[PDB]
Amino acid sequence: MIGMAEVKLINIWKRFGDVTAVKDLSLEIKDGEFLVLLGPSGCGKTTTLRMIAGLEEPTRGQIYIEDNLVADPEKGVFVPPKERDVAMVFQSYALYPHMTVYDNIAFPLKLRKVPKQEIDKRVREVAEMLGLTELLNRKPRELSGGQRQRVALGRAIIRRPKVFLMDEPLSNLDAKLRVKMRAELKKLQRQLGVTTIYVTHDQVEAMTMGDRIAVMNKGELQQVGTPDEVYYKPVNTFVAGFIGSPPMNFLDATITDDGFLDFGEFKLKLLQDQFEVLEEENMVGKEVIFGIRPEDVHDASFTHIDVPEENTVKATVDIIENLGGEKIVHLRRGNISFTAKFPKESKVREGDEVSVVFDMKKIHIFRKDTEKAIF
């Protein structure tokens, strides 16, 4: 539920001139979790990470690490990184070419006065965890692209801070290699049990590695939750449209006292409990934003959840994307447009009028004024 947060930000703001990078941010990071700060370029995630590191001071607000105040500009509290016991690691820099794998990994500790024996012990442990034991005496130029990345990882997690901080450490990495590293990095984090805050703008990387994801946009926290929560239960239209591809469909609809969503060109029958939720919030008769992912709009010929006159709609095919393993079909019904996913064996052709089925178990309704989700 919620015990003592390993890291806690309270009403944190960061301004650079007349530019607000981070706005009224409150967030609690759990001890031992792998927390990903996900958001588009310029959303304030890097600034947030640097403030937690102690490399930047907040403009206002408080930051705690295990209930110890490490930052509050109004109180003259700005604890240096070293005293916070949080380490910014895996930055974008090549392996030391004139150092062996052993020394590349040992360097961070050697610079921090760790006894030679302790260093040897810790370096070998890390090497074995990354399957580098037999490469210890090799020079960077003697390794393969994959091995080099593992040495860099070893060099990054050899330290034992209270919190690891990383900012897009796999940036521009070879696709195949990046996939292996995402798994490799998360495996180690779990093995070590050290709280990790990871910044990335790559949705797949976030969804793949994070125990939880903190989605940010324009300097504001949108939602924090598990990959499933941010994917299946987005709190607003930004999160709903930011996570998942192709993008979720958004359509205007009016709630009928009859238990239907009226889109004008057609109507869809709400499940009883969804209508119940809407009645309890007095939404009957109001226009809202309807959302459904393309994966939940099915070709009538390839589904058995169809309920005539309740979740089926006839529409015309305007675009067909052949992705090989599946087809992305852009449909149109009057002035309404929505996208669906059709199986690869579908013989649909552009111009065809087809019947699709909306899986009502997977829809979302957002308030049109605040765009926050009702569900």
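Start at 1 and count along the sequence shown; that's the residue number.
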With reference to the PDB entry, specify whether the mean Cα temperature factor is higher for 216-224 or for 146-154.
-> 146-154
Between 158-166 and 132-140, point out the one with the higher average CA B-factor as the PDB entry records it.
-> 132-140
Highest Cα B-factor in the deposition, which of 179, 95, 235, 297?
-> 95
Quick one: which of 271, 239, 199, 305 has the biggest Cα B-factor according to the entry?
-> 305
Of the three thirds of Cα B-factor ranks in this chain, residue 334 occupies the highest
Taking the values exactly as deposited, rank residue 12 by C-alpha B-factor within its chain and report the matching third: lowest, middle or highest.
-> lowest
Lowest, middle or highest third - CA B-factor, residue 293 | lowest
Assert third(CA B-factor, residue 30) within chain per record equals middle
Cα B factor band for residue 256 (lowest, middle or highest third within the chain) | middle
